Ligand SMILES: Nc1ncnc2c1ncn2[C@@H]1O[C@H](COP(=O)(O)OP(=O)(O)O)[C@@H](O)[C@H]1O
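Below you will find one chain, with nothing else, as structure tokens; this is the form deposited without the named molecule, and questions on how it binds or moves follow later.
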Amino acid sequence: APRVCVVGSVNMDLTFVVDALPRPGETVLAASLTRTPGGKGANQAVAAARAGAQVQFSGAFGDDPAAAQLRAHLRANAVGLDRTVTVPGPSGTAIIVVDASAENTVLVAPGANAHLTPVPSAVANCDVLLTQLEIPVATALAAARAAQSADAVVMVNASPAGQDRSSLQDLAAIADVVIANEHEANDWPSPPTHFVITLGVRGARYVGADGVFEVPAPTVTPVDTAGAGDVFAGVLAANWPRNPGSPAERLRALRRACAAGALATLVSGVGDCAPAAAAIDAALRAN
């Protein structure tokens, strides 16, 4: 069973249904508020666990009631929490407002995620380290260095986009694999050994040591495409070969990640849409 370590963010997603966003100086009432655990790090960790990896999540919870819910969510998905921390203050928070014209406005605050401390002995004995950019770069960097020493694959989801160019250079230099959609790729300072670019419905493409190729997605009709990125990243990490690897294994992993990303669109919601490993097999046979 492949061992994955995720060092990344966990957010409480608060989704408000409103008629319109509030104007300056205005108070507006929501029709509903729905609370759902999320954040890139936790989404990816769940995706990886559902896909069949043994996952350890290393992240930071606040001391708010939200933190208890985020813990319950990860534990129920068989994600390990030996190596997380509790820091005073709020958990990472994402506010998602859906209005009457079905536009989504998002507001994210790092909360606890900004206080995350590297745990090098945790990335020891794991095959794949998966990290993203909702935590501070320095922490992702620290974790990436530990994985390098432990001969673990360093896999970075270059997300969110719009990170500052030179702050990312040291991390770019050290990544084996970088996952990114097209927009995100443009903000990544230098190509890794294995650059994997996601293409919404189409699937993904690869450019690196194994050459250059498209990896198509089983075709499906979407219900909700949110959360499909995080599923892709988690299923990639759960499937990428340990070092030194081989093109056929990396390819197998890419196809599996595409299939899963495609399946995640079939379900509504962000944090709960990761398919099980059997569903990924099924979807792959069905082509």
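The first residue of the shown sequence is 1; numbering continues from there.
Comparing 91 to 99 with 203 to 211, which stretch shows the greater average C-alpha B-factor in the deposited entry? Per the PDB entry, the higher value belongs to 203 to 211.
Mean C-alpha B factor from the entry: is it higher for 162 to 170 or for 146 to 154? For C-alpha atoms only, the mean B-factor is higher in 162 to 170.
Kindly indicate the residue among 124, 108, 178, 78 with the greatest C-alpha B-factor in the PDB record. It is 124.
At the C-alpha atoms, which of 17, 267, 10, 14 reaches the highest B-factor in this entry? Largest recorded C-alpha B-factor: 267.
Compare the C-alpha B factor of residue 193 with those of the other modelled residues in its chain, then answer lowest, middle or highest third. Middle third, going by the recorded CA B-factors of the chain.
For residue 56, return the chain-relative third of its C-alpha B-factor as stated in the PDB record: lowest, middle or highest. Tercile = lowest for this residue's CA B-factor.
Split the chain's modelled residues into thirds by Cα B-factor; is residue 252 in the lowest, middle or highest one? Middle third by C-alpha B-factor.
For the chain shown, is the CA B-factor of residue 83 in the lowest, middle or highest third of its modelled residues? Highest third - that is where residue 83 ends up once the chain's C-alpha B-factors are sorted.
Chain-wide C-alpha B factor ranking for residue 241, given as lowest, middle or highest third: Residue 241: CA B-factor falls in the middle third of its chain.
Just so you know, the form solved in complex with the named molecule exists too; it's not on screen, but the next bit is about it.
Sole residue of 154, 119, 141, 217 within 4.5 Å of the named molecule in the deposited bound form, by heavy atom: Of the candidates 154, 119, 141, 217, 217 is the one lying within 4.5 Å of the named molecule in the deposited bound form.
Let me know the one among 199, 137, 98, 85 whose heavy atoms come within 4.5 Å of the named molecule in the deposited bound form, would you? If I apply the 4.5 Å criterion carefully, the residue I get is 199.
According to a 4.5 angstroms non-hydrogen atom cut-off, is residue 52 in contact with the named molecule in the deposited bound form? Heavy-atom contact with the named molecule at 4.5 Å: absent for residue 52.
So in the deposited bound form, is the named molecule close enough to residue 227 to count as touching (4.5 Å, heavy atoms)? Although the named molecule is absent here, residue 227 would touch it in the deposited bound form, with heavy atoms inside 4.5 Å.
Are any of the heavy atoms in residue 261 no more than 4.5 Å from a heavy atom of the named molecule in the deposited bound form? Contact check for residue 261: yes, within 4.5 Å of the named molecule in the deposited bound form.
Contact of residue 203 with the named molecule in the deposited bound form (heavy atom, 4.5 Å): Yes.
So which stretch, 120 to 128, 73 to 81, 166 to 174, 191 to 199, is the one near the named molecule in the deposited bound form (non-hydrogen atoms, 4.5 Å)? Stretch with heavy atoms near the partner: 191 to 199.
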